[PDB]
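Take a look at this single chain, the form deposited in one PDB entry, given in structure tokens.
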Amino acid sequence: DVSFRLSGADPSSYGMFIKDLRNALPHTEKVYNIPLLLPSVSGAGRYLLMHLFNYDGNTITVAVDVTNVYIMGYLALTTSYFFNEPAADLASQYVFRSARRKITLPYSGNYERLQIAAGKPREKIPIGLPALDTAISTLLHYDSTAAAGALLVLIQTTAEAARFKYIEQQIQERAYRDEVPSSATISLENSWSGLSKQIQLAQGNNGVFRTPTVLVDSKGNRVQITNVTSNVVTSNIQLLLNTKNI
């Protein structure tokens, strides 16, 4: 398991959490020095439990699929909650079985579906450590509309930060003040699967992407990523989605 406590949290402690999260994901291979997530894992070992505590010390446990860093569901007190999707229903066979009741959320874990449930796109939802505190608090008691926004915050401040050093740094900058994600942040989230695939295809193509990936940079300028010498590959991305899952 991995844990993170919002009480006393600072950029350093958050960074240790994201480091713990990355280190909890198994891999047998690195591709261009980036850990390659496994094609699959059988049984309960597929799921990592993240223990998150809000500033008041209240907690939720979030189940994460270690092959793709997808959040499946979470436990709040004696109630478990899962996305309305086959992969999450499968997870519910392994985690939080001792919950007194299980609620299936009225949406899948998809960014488009969550944004629809929340009533707003990611572009408009502030993220940061305070936002994460709020998200944990929101999830403690069922409210599906509020939860959709909370989950948009949670996915970005945990999974996405684990996947991209730039996102981790963006959250550290928001340790004491929330701010909506940069367009670069949204671009990277949207491109993780694409990037993971192209980095793997580069292996037998002399480091060259079979298909360029279009990204928005820090200055808000759209760039083409064509090979593994790009900063996005050498510094930023931290985990690769296995092509067997793409």
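All residue numbers refer to positions in the sequence shown, first residue = 1.
Trainee: Can you tell me whether 141 to 149 has a higher mean C-alpha B factor than 89 to 97 in this record, or the other way round?
Mentor: Higher of the two, by average CA B-factor, is 89 to 97.
Trainee: Averaging CA B factors per stretch from the PDB record, which one is higher: 156 to 164 or 98 to 106?
Mentor: Between 156 to 164 and 98 to 106, it is 98 to 106.
Trainee: Pick out which of 64, 60, 180, 216 has the highest C-alpha B-factor in the PDB entry.
Mentor: Comparing C-alpha B-factors across 64, 60, 180, 216, the maximum falls on 216.
Trainee: For the listed residues 52, 69, 38, 188, which one has the largest C-alpha B-factor as given in the deposited model?
Mentor: Of 52, 69, 38, 188, 38 has the highest C-alpha B-factor.
Trainee: Based on the deposited C-alpha B factors for this chain, I'd like to know if residue 237 is in the lowest, middle or highest third.
Mentor: Its C-alpha B-factor, which the entry lists for residue 237, ranks in the lowest third among residues of this chain.
Trainee: Quick check on the deposited entry: does the C-alpha B-factor of residue 80 sit in the lowest, middle or highest third of its chain?
Mentor: Residue 80: CA B-factor falls in the lowest third of its chain.
Trainee: Would you mind checking where the Cα B-factor of residue 112 ranks among the modelled residues of its chain, as the lowest, middle or highest third?
Mentor: Highest third.
Trainee: What third of the chain, by the recorded C-alpha B-factor, contains residue 173?
Mentor: Middle third of the chain for residue 173's C-alpha B-factor.
Trainee: How does residue 16 rank on Cα B-factor within its chain, lowest, middle or highest third?
Mentor: Middle third by C-alpha B-factor.
Only in words, not in the display: the form deposited with a partner chain bound, which the text now covers.
Trainee: Is residue 203 near the partner chain? Define near as a heavy atom within 4.5 Å, in the deposited bound form.
Mentor: Residue 203: no, not in contact with the partner chain in the deposited bound form.
Trainee: Using a 4.5 Å heavy atom cut-off, state whether residue 174 contacts the partner chain in the deposited bound form.
Mentor: It does: once the partner chain is placed as it appears in the deposited bound form, residue 174 has a heavy atom within 4.5 Å of it.
Trainee: Would residue 218 sit within 4.5 Å of the partner chain in the deposited bound form, counting heavy atoms only?
Mentor: Residue 218: contacts the partner chain in the deposited bound form.
Trainee: Might residue 170 be said to contact the partner chain in the deposited bound form, defining contact as any heavy atom within 4.5 Å?
Mentor: Because a heavy atom of residue 170 falls inside 4.5 Å of the partner chain in the deposited bound form, the answer is yes.
Trainee: Out of the stretches listed (54 to 62, 194 to 202, 32 to 40, 210 to 218), which one is close to the partner chain in the deposited bound form, meaning heavy atoms within 4.5 Å?
Mentor: Checking each option against the 4.5 Å cut-off leaves 210 to 218.
Trainee: Which of these residues, 23, 231, 224, 12, gets a heavy atom within 4.5 Å of the partner chain in the deposited bound form?
Mentor: Of the candidates 23, 231, 224, 12, 231 is the one lying within 4.5 Å of the partner chain in the deposited bound form.
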